[PDB]
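Encoded as structure tokens, the following chain is the form deposited in one PDB entry, with no partner shown.
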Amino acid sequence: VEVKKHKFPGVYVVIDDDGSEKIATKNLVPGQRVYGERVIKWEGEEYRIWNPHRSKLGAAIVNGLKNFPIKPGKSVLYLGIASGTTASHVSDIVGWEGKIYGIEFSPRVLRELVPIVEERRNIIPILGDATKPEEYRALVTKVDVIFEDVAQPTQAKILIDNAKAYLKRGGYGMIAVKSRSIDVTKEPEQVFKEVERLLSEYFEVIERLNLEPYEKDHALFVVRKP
């Protein structure tokens, strides 16, 4: 097994004995395996395999995502942090000089998460309603990136409203859109066209990529705040 650097900083390529390729991040918390994930020991460091079946962002990267604004030392406002393994990998990537404000609506989801992210002290889990971003104003600063995974009909407006409140000028947004969570009747491609239009009222839309076959009728959008 070999580990080399991916094009994106803080992301790694693992090449298995048979020459097949996987993506990975460097474990922020050596010794830890909270998802019972596959960890590769290499030159004295640990690398956590980033499974595209457990992480929509992992899927996007495997699928050839070109713009990835999450990088070491960045601050991230993360809407929907409890879903999948993504927060763990984002935490590895941003490292100890970066920061992640994790917003969850449910007190149950938050209580279940804290054990899992306890050691990742660059994650600050916050109870909040992402539709009303001003309610967590006292707990969140201006950020470099918003990452959003919120399966709600107004998820584009959620992104704009949080960006108005917290995103630095020049900063980026990333949003994993489940087509059916906005509109079960419309074709996925039509839903995505509508999301792209709504986002474009506020953002420059930089990229959009489908997540098949890891997800069905999901697209991830990268946007930039003017």
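Residues carry their position along the shown sequence, with the first being 1.
The discussion below concerns the form deposited with a partner chain bound, not included here.
Please pick, from 192, 172, 68, 166, the one residue with any non-hydrogen atom lying within 4.5 angstroms of its partner chain in the entry with it bound.
It is 166 that has a heavy atom within 4.5 Å of the partner.
Quick check on this chain: which one of 93, 117, 79, 145 has a heavy atom within 4.5 Å of its partner chain in the entry with it bound?
That would be 117.
Site test, 40, 208 and 211 vs its partner chain in the entry with it bound, non-hydrogen atom cutoff 4.5 Å:
Judged in the entry with it bound, none of 40, 208 and 211 sits within 4.5 Å of its partner chain.
Tell me, yes or no, whether residue 32 is in contact with its partner chain in the entry with it bound, where a contact means a heavy atom of each within 4.5 Å.
Judged by the heavy-atom cut-off of 4.5 Å, residue 32 is well away from its partner chain in the entry with it bound.
Residue 176 near its partner chain in the entry with it bound, any heavy atom under 4.5 Å?
So residue 176 does not count as contacting its partner chain.
Close approach of residue 180 to its partner chain in the entry with it bound, 4.5 Å, heavy atom
Residue 180: yes, in contact with its partner chain in the entry with it bound.
Closest heavy atom of residue 99 to its partner chain in the entry with it bound, within 4.5 Å or not?
Although its partner chain is absent here, residue 99 would touch it in the entry with it bound, with heavy atoms inside 4.5 Å.
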